[PDB]
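Peer 1: Sequence isn't available, so here's the structure alone:
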Ligand SMILES: Nc1ncnc2c1ncn2[C@@H]1O[C@H](COP(=O)(O)OP(=O)(O)O)[C@@H](O)[C@H]1O
């Protein structure tokens, strides 16, 4: 299942060599992440967006979470 | 009934995640990434995505 | 060539059966795998 | 011939009556029935579970690069 | 086992093959001939042995039954003389030529149930059985026998009648052509007895040259292709370019005064008559069957010739099973032995219920 999902992600991003490299790479808290995101937003500033992000984070909890936030922060 | 409620919750969560991505900045790529993140690590996935983007360029 | 194929088969999982299977393939593949599984069940 | 090869395969899996029954079962199975990316996916699963063995399998596949045979092997696995 | 043995009978234009389903080879093979004085009727080898005092009849001369009275006698002979079984006690799988008239199929059915009282029967196309024997359900079969040759495209087990081609050029014509060129060489093979000798020379020393002209040049400037053949009286004769000139007629019928396309061109034409979506499957699965495809070198020659006719991007593969001389019979033995085929037999009950025409529905 996970391997199939990784192959689908590689296809969306784009071949076989790239998929093999991705497989090799794969083979190779929440509050802190939120604070880091706010600090990154401050560096970018801006302030209004940070307030909106705090409201959005609360909404997600109302409707694992740390891993998704970390990936988004890395993309920046 | 219960299945329909679960589908609505998933759609609402996806919309909220997309808004967060836009602020820190597609939807199909985000859905694939979210499923992979739920299974299991996060830093490694980000590195692979960055490498794939460089290859596309 | 044949020796390399045998090593790959061992990792995935005799030698005479692999040689016979290779000759049949040279002479579909999914159907052959199903037949081998059925033969193993019959032997059991 | 192809028919002779099928009989030889049945004998290896396996007195004369028993061999005939095995051949009939193989023929029935064949009637009922009537690549590189897949190998990489199997390697990724092995790496998650080991890593050295997965690297050797990838190297062997590269050396080989038949395809049909490989596919069959994968299926068997 | 609860079931009695089922019979497999391959009706050939020159030779009939009979045996029991499940066996690897036919138990008997005999000439498709019936003879009466110039014991009242002679069938098979005996008719041939005593042809001197008989008038011979060939009821299935070109693959299609033309005289049912004598065909019935051939079947009677098959059961009681060759196989030594009672037809009313065994299901019978019979073979038929490609493009066999619908009325003939009903006749065969009626004769089996009403004359021989078979408990069950079925009829399958010869080419289809040969394809089955090769482990395939899709492909094109080039069947060359004694009195006729056919190119039969088959997809998913079904022959495609619109694309089937018949070539009235086979083993018989090649035997007579060899008699003719050996006579032109300086020998003399003209009598019926001599025809049998040449047929033997043909089956033992002939071959298909990869390149006709080059082979002719080699034979003209050296004795490297010559082979000796000893007659029963001890005389040893020499066969040179006749070895490959004989079967060359399959590729160039003009050598026989025929305007027909050779076997390679006929195979190509059949494929071209099929839906474009399955042509690649046919090109990749061209199977040879029949005694006349036994010539050494024929597979490589077909590969070369088809490759020249087909698109350069096409994958061409000629399959020539070592046992192709009896692949029709073997395919029947395999089919009649299949678990899923048992429900396909036409039972005496079904025959009594629907009559002869049921064969069209049951044996599509
Ligand atoms: N080895 C061989 N080489 C060439 N021709 C052969 C060989 N063996 C048999 N034949 C020829 O094949 C023909 C018979 O083949 P077969 O498929 O049994 O025909 P049919 O079914 O029409 O009677 C005869 O003309 C015979 O001479």
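Peer 2: In hand now; what should we look at? Numbering: from 1, shown residues only, chains lettered A, B, ... in the order given.

Peer 1: How about the residues of chain A by chain B?
Peer 2: Contact residues, chain A versus chain B (CB under 8 Å from any CB of the partner chain): A:1-2, A:5-6, A:8-10, A:12-14, A:18, A:21-22, A:25-26, A:28, A:37, A:40-41, A:49, A:52-53, A:56-57, A:59-60, A:63-64, A:66-68, A:70-76. Using the backbone N, CA and C atoms, a C-beta is placed for each residue, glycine as well.

Peer 1: Mind checking which of the residues you listed are buried?
Peer 2: A:6, A:9-10, A:13, A:18, A:21-22, A:26, A:37, A:41, A:53, A:57, A:60, A:67-68, A:70-73 (16 or more other CB atoms under 10 Å in any protein chain shown).

Peer 1: mind checking how far stretch E:127-142 is from the chain centre?
Peer 2: 13 Å (CA atoms, centre = their mean, to the nearest Å).

Peer 1: could you check whether that stretch is close to the ligand?
Peer 2: No - judged by CB under 6 Å from any ligand atom, stretch E:127-142 makes no contact with the ligand; its nearest approach is 9.7 Å.

Peer 1: Which members of the buried ones among the residues of chain A next to chain B occur in helices, if any?
Peer 2: Secondary structure from DSSP state H places A:6, A:9-10, A:13, A:18, A:21-22, A:26, A:37, A:41, A:53, A:57, A:60, A:67-68, A:70-73 of these in helices.

Peer 1: list the contacts for the residue in chain E that chain C sits nearest to?
Peer 2: Taking CB to the nearest CB, chain C has its nearest neighbour within chain E at residue E:319, 7.4 Å off. The neighbours of residue E:319, taking CB atoms under 8 Å, 6 or more residues apart in numbering or on different chains as the test, are C:27, D:2, E:134, E:139, E:285, E:286, E:287, E:288.

Peer 1: Now with 6 Å, please.
Peer 2: Each residue near residue E:319 by CB atoms under 6 Å, 6 or more residues apart in numbering or on different chains is listed here: E:134, E:287.

Peer 1: got it, and residue E:124?
Peer 2: By CB under 6 Å, 6+ apart, the contact set of residue E:124 is residue E:95.

Peer 1: run the last query once more with 8 Å
Peer 2: Each residue near residue E:124 by CB under 8 Å, 6+ apart is listed here: E:93, E:94, E:95, E:96, E:331, E:332, E:335, E:363.

Peer 1: Could you do residue E:198 as well?
Peer 2: Contacts of residue E:198 by CB under 8 Å, 6+ apart are E:175, E:178, E:179, E:182, E:189.

Peer 1: burial count for the residue of chain A found nearest chain D?
Peer 2: Nearest residue of chain A to chain D: residue A:27, at 3.1 Å (CB to the nearest CB). Using other CB atoms under 10 Å in any protein chain shown, residue A:27 has 18 neighbouring residues.

Peer 1: Quickly note the distance from the nearest residue to it once chain neighbours are set aside to residue D:65.
Peer 2: Residue nearest to residue A:27 in three dimensions, not counting chain neighbours: residue D:47, with 3.1 Å by CB to CB, 6 or more residues apart in numbering or on different chains. Using CB to CB, to the nearest Å, we find residue D:47 at a distance of 20 Å from residue D:65.

Peer 1: the more surrounded of the two?
Peer 2: Set side by side, residue D:47 and residue D:65 show more neighbours around residue D:47, with 21 against 9, by other CB under 10 Å.
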